[PDB]
Each structure stands twice: as structure tokens, then as C-alpha cells.
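File shown: query31.txt. Contents: compact mmCIF, C-alpha atoms and all ligand atoms.
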# COMPACT_ATOMS: atom_id res chain seq x y z
CA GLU A 1 108.25 116.63 118.93
CA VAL A 2 109.28 113.82 116.61
CA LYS A 3 112.43 114.74 114.77
CA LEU A 4 114.39 112.53 112.40
CA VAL A 5 117.55 113.92 110.88
CA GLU A 6 119.85 112.13 108.48
CA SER A 7 123.50 112.86 107.71
CA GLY A 8 126.55 111.04 106.39
CA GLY A 9 125.82 111.02 102.71
CA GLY A 10 127.95 112.85 100.19
CA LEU A 11 130.06 112.26 97.11
CA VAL A 12 131.65 108.83 97.08
CA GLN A 13 133.62 106.80 94.55
CA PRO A 14 132.26 103.65 92.85
CA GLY A 15 132.73 100.67 95.13
CA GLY A 16 133.64 101.53 98.70
CA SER A 17 131.62 102.17 101.84
CA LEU A 18 129.79 105.00 103.62
CA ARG A 19 127.84 105.17 106.90
CA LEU A 20 124.50 106.97 107.08
CA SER A 21 122.97 108.03 110.35
CA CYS A 22 119.64 109.31 111.62
CA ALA A 23 119.19 111.13 114.91
CA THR A 24 115.98 110.75 116.92
CA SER A 25 114.04 113.29 118.95
CA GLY A 26 110.62 113.16 120.60
CA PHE A 27 109.94 109.45 121.00
CA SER A 28 111.09 106.40 122.93
CA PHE A 29 113.24 105.32 119.98
CA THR A 30 113.38 101.74 121.25
CA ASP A 31 109.63 101.13 120.86
CA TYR A 32 109.43 101.80 117.11
CA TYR A 33 110.01 100.23 113.70
CA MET A 34 112.65 102.05 111.62
CA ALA A 35 113.54 102.07 107.91
CA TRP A 36 115.58 103.52 105.12
CA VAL A 37 113.76 104.46 101.96
CA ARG A 38 115.69 105.56 98.90
CA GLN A 39 114.71 107.74 95.97
CA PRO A 40 117.27 108.02 93.19
CA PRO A 41 117.14 111.40 91.41
CA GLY A 42 115.48 109.22 88.80
CA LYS A 43 112.10 108.46 90.30
CA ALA A 44 110.32 105.82 92.44
CA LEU A 45 110.61 105.49 96.21
CA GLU A 46 112.38 102.26 97.10
CA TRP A 47 112.30 100.55 100.47
CA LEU A 48 115.76 99.10 101.27
CA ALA A 49 115.77 97.57 104.72
CA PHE A 50 113.68 97.87 107.88
CA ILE A 51 114.35 97.34 111.66
CA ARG A 52 111.57 96.66 114.26
CA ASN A 53 111.10 97.61 117.92
CA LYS A 54 111.96 95.78 121.20
CA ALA A 55 108.43 94.38 121.11
CA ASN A 56 109.50 92.40 118.06
CA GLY A 57 113.05 91.51 119.10
CA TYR A 58 114.59 94.12 116.77
CA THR A 59 114.22 91.94 113.66
CA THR A 60 115.53 93.23 110.32
CA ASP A 61 114.63 92.68 106.63
CA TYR A 62 116.44 93.97 103.50
CA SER A 63 115.61 94.31 99.80
CA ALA A 64 117.86 92.09 97.69
CA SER A 65 119.32 95.21 96.06
CA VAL A 66 121.25 95.65 99.33
CA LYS A 67 120.95 92.19 100.93
CA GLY A 68 124.67 91.66 101.47
CA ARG A 69 126.09 95.12 100.87
CA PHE A 70 124.04 97.45 103.05
CA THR A 71 123.58 96.77 106.80
CA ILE A 72 121.22 98.49 109.24
CA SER A 73 121.82 99.09 112.95
CA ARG A 74 120.39 101.11 115.82
CA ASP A 75 121.96 102.88 118.77
CA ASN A 76 119.14 102.49 121.29
CA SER A 77 121.07 104.40 123.96
CA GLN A 78 121.93 107.35 121.73
CA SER A 79 118.70 106.92 119.76
CA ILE A 80 120.25 106.84 116.32
CA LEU A 81 119.72 104.66 113.23
CA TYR A 82 122.58 103.81 110.87
CA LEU A 83 122.91 102.41 107.36
CA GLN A 84 126.39 101.17 106.46
CA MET A 85 126.62 100.92 102.68
CA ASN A 86 129.40 98.87 101.11
CA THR A 87 130.87 98.55 97.64
CA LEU A 88 128.49 101.26 96.49
CA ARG A 89 127.53 101.81 92.89
CA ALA A 90 125.43 103.71 90.37
CA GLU A 91 121.89 102.73 91.32
CA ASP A 92 122.98 103.64 94.85
CA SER A 93 123.18 107.41 94.18
CA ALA A 94 119.96 108.68 95.74
CA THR A 95 118.44 110.66 98.59
CA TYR A 96 118.29 108.29 101.56
CA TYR A 97 115.49 108.97 104.05
CA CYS A 98 114.84 107.88 107.60
CA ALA A 99 111.37 106.57 108.63
CA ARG A 100 109.59 105.54 111.82
CA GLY A 101 106.60 103.19 112.05
CA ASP A 102 103.27 104.35 113.54
CA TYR A 103 101.68 102.55 116.52
CA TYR A 104 99.28 101.03 113.97
CA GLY A 105 99.53 99.49 110.52
CA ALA A 106 101.97 102.10 109.23
CA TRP A 107 105.68 101.75 108.42
CA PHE A 108 106.58 105.33 107.48
CA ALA A 109 104.57 107.68 109.68
CA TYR A 110 107.53 110.16 110.03
CA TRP A 111 110.20 110.78 107.40
CA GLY A 112 113.47 112.66 107.82
CA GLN A 113 114.51 115.51 105.54
CA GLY A 114 116.69 113.01 103.69
CA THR A 115 120.39 112.98 102.80
CA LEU A 116 121.78 112.73 99.24
CA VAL A 117 124.46 110.31 98.02
CA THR A 118 126.21 110.34 94.60
CA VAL A 119 128.32 107.38 93.43
CA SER A 120 129.85 107.26 89.95
CA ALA A 121 132.93 109.41 89.36
CA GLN B 1 108.54 89.50 94.97
CA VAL B 2 105.09 91.11 94.67
CA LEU B 3 105.10 94.38 92.76
CA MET B 4 102.57 97.19 92.93
CA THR B 5 101.36 98.52 89.57
CA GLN B 6 99.59 101.89 89.91
CA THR B 7 97.83 103.81 87.17
CA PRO B 8 97.56 106.38 85.71
CA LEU B 9 101.17 107.53 85.40
CA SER B 10 100.05 111.16 85.34
CA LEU B 11 96.71 112.55 86.54
CA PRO B 12 95.70 116.04 85.30
CA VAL B 13 92.84 117.77 87.16
CA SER B 14 91.28 121.16 87.70
CA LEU B 15 91.40 122.32 91.30
CA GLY B 16 88.10 121.09 92.66
CA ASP B 17 87.50 117.93 90.66
CA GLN B 18 87.66 114.50 92.29
CA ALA B 19 90.71 112.34 91.61
CA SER B 20 91.16 108.59 91.59
CA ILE B 21 94.45 106.71 91.55
CA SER B 22 94.44 102.95 91.26
CA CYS B 23 96.98 100.46 92.55
CA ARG B 24 96.77 96.85 91.36
CA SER B 25 98.91 94.51 93.39
CA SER B 26 100.06 91.34 91.66
CA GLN B 27 98.89 88.97 94.36
CA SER B 28 97.09 88.92 97.69
CA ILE B 29 98.63 91.51 99.98
CA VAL B 30 97.10 90.21 103.24
CA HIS B 31 99.58 89.74 106.09
CA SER B 32 99.68 86.58 108.23
CA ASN B 33 97.70 88.45 110.88
CA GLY B 34 94.49 89.95 109.54
CA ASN B 35 95.83 93.16 108.05
CA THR B 36 96.59 94.47 104.58
CA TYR B 37 99.48 96.87 105.07
CA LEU B 38 98.71 98.90 101.97
CA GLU B 39 99.64 102.58 102.46
CA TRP B 40 99.51 105.84 100.51
CA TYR B 41 101.98 108.76 100.47
CA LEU B 42 102.08 112.21 98.89
CA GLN B 43 105.53 113.55 97.96
CA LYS B 44 105.26 117.21 96.93
CA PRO B 45 107.96 118.52 94.57
CA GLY B 46 111.25 118.52 96.46
CA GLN B 47 109.70 117.46 99.76
CA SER B 48 109.85 114.26 101.84
CA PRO B 49 106.80 112.04 101.43
CA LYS B 50 103.83 112.15 103.78
CA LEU B 51 101.74 109.24 105.01
CA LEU B 52 98.12 109.63 103.94
CA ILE B 53 96.22 106.37 104.46
CA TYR B 54 97.91 103.51 106.30
CA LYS B 55 95.76 100.35 106.36
CA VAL B 56 93.78 99.89 103.20
CA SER B 57 91.60 102.73 104.48
CA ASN B 58 92.67 104.55 107.67
CA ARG B 59 93.43 108.28 107.38
CA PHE B 60 96.62 109.31 109.14
CA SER B 61 96.08 112.06 111.72
CA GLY B 62 96.46 115.51 110.25
CA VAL B 63 95.55 114.51 106.70
CA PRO B 64 92.26 116.16 105.62
CA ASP B 65 88.96 114.28 105.04
CA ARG B 66 89.29 114.80 101.28
CA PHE B 67 91.60 111.79 101.30
CA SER B 68 90.42 108.22 101.63
CA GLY B 69 91.53 104.84 100.34
CA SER B 70 89.99 101.39 100.03
CA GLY B 71 89.31 98.15 98.22
CA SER B 72 90.81 95.08 99.90
CA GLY B 73 92.14 92.37 97.54
CA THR B 74 94.58 93.05 94.65
CA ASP B 75 92.88 96.30 93.60
CA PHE B 76 93.30 99.25 95.93
CA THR B 77 92.21 102.78 95.17
CA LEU B 78 93.01 106.20 96.67
CA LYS B 79 90.39 108.96 96.19
CA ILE B 80 90.36 112.70 96.91
CA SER B 81 86.91 114.39 96.98
CA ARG B 82 88.18 117.87 96.04
CA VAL B 83 91.76 118.48 95.05
CA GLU B 84 93.39 121.57 96.53
CA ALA B 85 96.52 123.00 94.89
CA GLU B 86 98.51 121.70 97.86
CA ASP B 87 97.48 118.18 96.83
CA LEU B 88 99.43 118.38 93.61
CA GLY B 89 102.46 116.15 93.80
CA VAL B 90 103.33 112.51 93.28
CA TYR B 91 101.41 109.78 95.07
CA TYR B 92 102.87 106.36 95.74
CA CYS B 93 101.08 103.33 97.14
CA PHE B 94 103.18 101.14 99.43
CA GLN B 95 102.84 97.42 100.03
CA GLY B 96 103.91 96.69 103.60
CA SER B 97 102.72 93.15 104.37
CA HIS B 98 105.10 91.05 102.26
CA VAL B 99 108.91 91.18 102.33
CA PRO B 100 110.41 92.56 99.98
CA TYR B 101 108.07 95.52 100.67
CA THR B 102 107.34 97.54 97.51
CA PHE B 103 106.19 100.95 96.25
CA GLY B 104 104.10 101.81 93.22
CA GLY B 105 105.82 103.65 90.40
CA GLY B 106 103.90 106.73 91.48
CA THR B 107 101.22 108.90 89.89
CA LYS B 108 101.86 112.62 89.47
CA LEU B 109 98.78 114.73 90.21
CA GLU B 110 99.36 117.89 88.18
CA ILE B 111 97.01 120.70 87.10
CA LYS B 112 94.96 119.92 84.00
CA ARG B 113 92.95 122.86 82.66
CA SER C 1 136.64 108.78 88.70
CA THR C 2 139.59 110.40 90.51
CA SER C 3 142.49 109.15 92.68
CA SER C 4 143.71 105.55 92.29
CA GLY C 5 140.35 104.92 90.63
CA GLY C 15 110.65 85.32 84.79
CA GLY C 16 113.35 86.15 87.33
CA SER C 17 111.11 87.53 90.09
CA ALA C 18 110.47 86.46 93.70
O1 LIG A 201 101.18 105.07 119.64
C1 LIG A 201 101.75 104.60 120.62
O2 LIG A 201 102.23 105.76 121.30
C2 LIG A 201 103.17 104.48 120.15
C3 LIG A 201 103.90 103.22 120.09
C4 LIG A 201 103.58 101.78 119.82
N1 LIG A 201 104.21 100.52 119.37
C5 LIG A 201 103.92 100.30 117.96
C6 LIG A 201 104.88 100.54 116.86
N2 LIG A 201 104.13 99.73 115.87
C7 LIG A 201 104.85 99.64 114.58
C8 LIG A 201 104.57 99.16 113.62
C9 LIG A 201 105.27 99.23 112.23
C10 LIG A 201 104.58 98.54 110.94
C11 LIG A 201 103.20 97.74 111.03
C12 LIG A 201 102.56 97.59 112.45
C13 LIG A 201 103.18 98.32 113.72
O3 LIG A 201 106.01 100.52 114.79
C14 LIG A 201 106.09 101.05 116.05
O4 LIG A 201 107.00 101.81 116.46

If you took the structure in this file and wrote it as C-alpha cells, what would it be?
Ligand SMILES: O=C(O)CCCN/C=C1/N=C(c2ccccc2)OC1=O
Amino acid sequence: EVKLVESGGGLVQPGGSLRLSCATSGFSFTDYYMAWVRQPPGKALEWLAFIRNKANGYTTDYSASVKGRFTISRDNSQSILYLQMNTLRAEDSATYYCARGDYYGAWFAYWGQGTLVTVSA
Amino acid sequence: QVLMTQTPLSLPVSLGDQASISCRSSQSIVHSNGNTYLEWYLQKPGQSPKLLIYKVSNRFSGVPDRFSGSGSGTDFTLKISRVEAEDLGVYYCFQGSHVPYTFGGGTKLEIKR
Amino acid sequence: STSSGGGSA
């Protein structure tokens, strides 16, 4: 049913951009809150930026750790979520996941398998 | 920003014993509407995290009864009546009602004796 | 490195 797949991460050089993507399957993509959580090989899960559904005018909020660099977006026709990351760095190397809110008080009801990024060579 | 501070860092248990993870916020985590978007997740070794309890105490469909959360305020606590081997992993509490949304540092739930 | 390469709110 619900399928969330990420892709676009890889080995990048300090500074410089990259564009992550998440494909959707099994749900009217437009009616749901979406996010990007990040877990550096290190430890803790870290919410980066979130995008809401048509019901909420597709608003968007970001952590400050990516406030100006990273930028979220959503292809409502193709049902895909993107995360453009710019001037990457060290603390950026991590497995980036895709998440979709639940019809109730829940932000991450469905996570993707996650895609890894490594920046520091 | 309001950070979550969950303890203990590591929680050793024998399969079958109850387990209790705490999560002290650092300030009221009540949204403008009436909710407290405090959630729990279980990330098993090398495996995306799962949603366990969304509002301070609702149990996400598919998660077994063993799990339950609670305690509105600044102190929230996740409890598991009997811990199966498949419960072992790292639990994180997530604060979802105040931007910048935050996670706890986690609390590994490994086998004790 | 390869080619051509309190305080809380
Ligand atoms: O369950 C119904 O089938 C499904 C869809 C309902 N619209 C609600 C959605 N509600 C949220 C949401 C995300 C965080 C807190 C409160 C609500 O994300 C969504 O995609």
C-alpha cells in the first residue's frame, strides 16, 4: 500500500549541492504532511524540515541547521518529495529518511528505507 | 528551541520484565490547539524507525498492547508491560508541537541478564 | 578531498 522510497544520496564533496527525492505509492500524496528526518552514522534522529498538505496550504518549516541551505519541495502531480541540499558539510553526512504524517496527531507514521549521504573528502 | 531530555541512556532488561523510559521536555509542549504532539518511535538495529504512540498516549495501529505512553506536562513516559526480544532497539521520543521539532537523544533497550 | 578540492531558541 503505502510506499516511500528515497534516492539521490551518495558520496559528495564538502560544500556543493545534491537533490534527494522520495517516491510515493498508496496514498493521495497531496493530502499529507511530509518530512525529512536525518540520522548521522553518529546517533540521534534529527528532524530537518517538514511540508504540510493542501488542507494547510502546503506550509513548510525547517530546523536552523538547514534553514538557508536545504530546501524542501513536492511534486504533487508525480507524487514525489525532494530535498535540495546546498553547500553541504560534515554534520550533513547521514541517512536521510522520508516520512508521511498520519491523519491524526502523528508526523512520521510511515518512514522510507532511507538513503545515505557522505560529505567530507 | 525546546529540547527533549530522555533517560536512561541505556536500559538493560530480561525478556519479560516491564520497562520504563522517561522523557522530560524543557517547557510546556502543548500546541496552540489542544494537543501535545509528543510521539514515540522504536528504531531496531539497522532499521527505519517505527511510530509507536503518537499523541501523549495513543497507540499506532499495528503496535501491540504492551506499549503505552502518557503523562501530559513536561514529563512524559513510555512503558512496555512485557518486553519481547523484538522490542530491543533504540527508542526516541519526538516533540511535534513546537517548531523547531525535536527528538530525544534516545534510549537503547538491550538485554540485561 | 579530490579534484579541484545560553545560545538556544
Ligand atoms: O486517515 C485519513 O485517511 C487520511 C488523511 C487525512 N488528513 C490528515 C493528515 N493529517 C496530518 C497531520 C500531520 C501532523 C499533526 C496532525 C495531522 O498529516 C496528514 O497527511

**Message:** Please list, as a ChimeraX atom specification, the residues that have an atom at most 10 Å away from (111.9, 88.5, 91.6) in the coordinates of this file, counting all atoms listed in the file.
**Reply:** /A:64 /B:1-3,100 /C:15-18

**Message:** Applying 12 Å and all atoms listed in the file, which residues near residue 3 of chain C remain after dropping the ones on its own chain fewer than 2 positions away? List them as a count of residues only.
**Reply:** 6

**Prompt:** Any idea what the distance is between atom CA of residue 51 of chain A and atom CA of residue 107 of chain B?
**Reply:** 27.9 Å

With 3 Å of padding per side, what axis-aligned box (centre and edge lengths, Å, one decimal) covers all the listed atoms of chain C? Give it as AutoDock Vina command-line options.
--center_x 127.1 --center_y 97.9 --center_z 89.2 --size_x 39.2 --size_y 31.1 --size_z 14.9

Could I get the residues of chain A with an atom no further than 6 Å from an atom of ligand LIG 201 (chain A), each paired with its nearest atom pair and that distance in Å to one decimal, using only C-alpha atoms and all ligand atoms, sorted by chain and residue number, as a Markdown table?
| residue | atom | partner | partner_atom | distance |
| --- | --- | --- | --- | --- |
| A:31 | CA | A:LIG201 | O4 | 5.2 |
| A:32 | CA | A:LIG201 | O4 | 2.5 |
| A:33 | CA | A:LIG201 | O3 | 4.2 |
| A:101 | CA | A:LIG201 | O3 | 3.9 |
| A:102 | CA | A:LIG201 | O3 | 4.9 |
| A:103 | CA | A:LIG201 | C5 | 3.5 |
| A:104 | CA | A:LIG201 | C13 | 4.8 |
| A:105 | CA | A:LIG201 | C12 | 4.1 |
| A:106 | CA | A:LIG201 | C10 | 4.7 |
| A:107 | CA | A:LIG201 | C10 | 4.2 |

**Request:** Define the interface residues of chain A facing chain B as those within 12 Å, counting all atoms listed in the file, and report them as a PyMOL selection string.
**Result:** chain A and resi 4-5+35-39+41-50+60-67+95-115

**Asked** So how far away is atom CA of residue 116 of chain A from atom CA of residue 89 of chain A, in Å?
**Response**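 Atom-to-atom, atom CA of residue 89 of chain A to atom CA of residue 116 of chain A, that is 13.9 Å.
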
**Request:** Please provide as a PyMOL selection string all residues within 7 Å of residue 67 of chain B, with the sequence filter that same-chain residues fewer than 5 positions apart are discarded (counting all atoms listed in the file).
**Result:** chain B and resi 79-81

For the residues in that selection, give me C-alpha atoms as a compact mmCIF listing (two decimals), keeping the file's coordinate frame.
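In the end it all went to part.txt:
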# COMPACT_ATOMS: atom_id res chain seq x y z
CA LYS B 79 90.39 108.96 96.19
CA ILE B 80 90.36 112.70 96.91
CA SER B 81 86.91 114.39 96.98

Mind dumping a table of every segment 65-94 of chain B residue within 6 Å of segment 22-25 of chain B, with the nearest atom pair and its distance in Å to one decimal, using all atoms listed in the file, sorted by chain and rising number, as a tab-separated table?
residue	atom	partner	partner_atom	distance
B:74	CA	B:25	CA	4.7
B:75	CA	B:24	CA	4.5
B:76	CA	B:23	CA	5.1
B:77	CA	B:22	CA	4.5

What does the file look like for those residues with C-alpha atoms, as a CSV table (one decimal), in the coordinates of the input?
chain,number,residue,atom,x,y,z
B,74,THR,CA,94.6,93.0,94.6
B,75,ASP,CA,92.9,96.3,93.6
B,76,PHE,CA,93.3,99.2,95.9
B,77,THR,CA,92.2,102.8,95.2

**Fill in**
Expressed in Å, the length from atom CA of residue 90 of chain A to atom CA of residue 16 of chain A is 11.9 Å

**Message:** Residues near residue 73 of chain A, anyone? I mean within 8 Å using all atoms listed in the file, not counting same-chain ones fewer than 4 positions away, as an MDAnalysis selection string.
**Reply:** chainID A and resid 51 81:83

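Residue nearest residue 109 of chain B, chosen from B:6, B:73, B:42, B:30 and counting only C-alpha atoms: B:42.
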
**Request:** Please work out which residues fall within 10 Å of (99.3, 120.0, 96.2), coordinates as given in the file, with only C-alpha atoms counting, and return them as a list in words.
**Result:**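 Here the neighbourhood of the point contains residues 15, 42, 43, 44, 45, 83, 84, 85, 86, 87, 88, 89, 90, 109, 110 and 111 of chain B.
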
**Item:** Nearest candidate to chain C (options A:120, A:75, A:20, A:8; using all atoms listed in the file)
**Value:** A:120
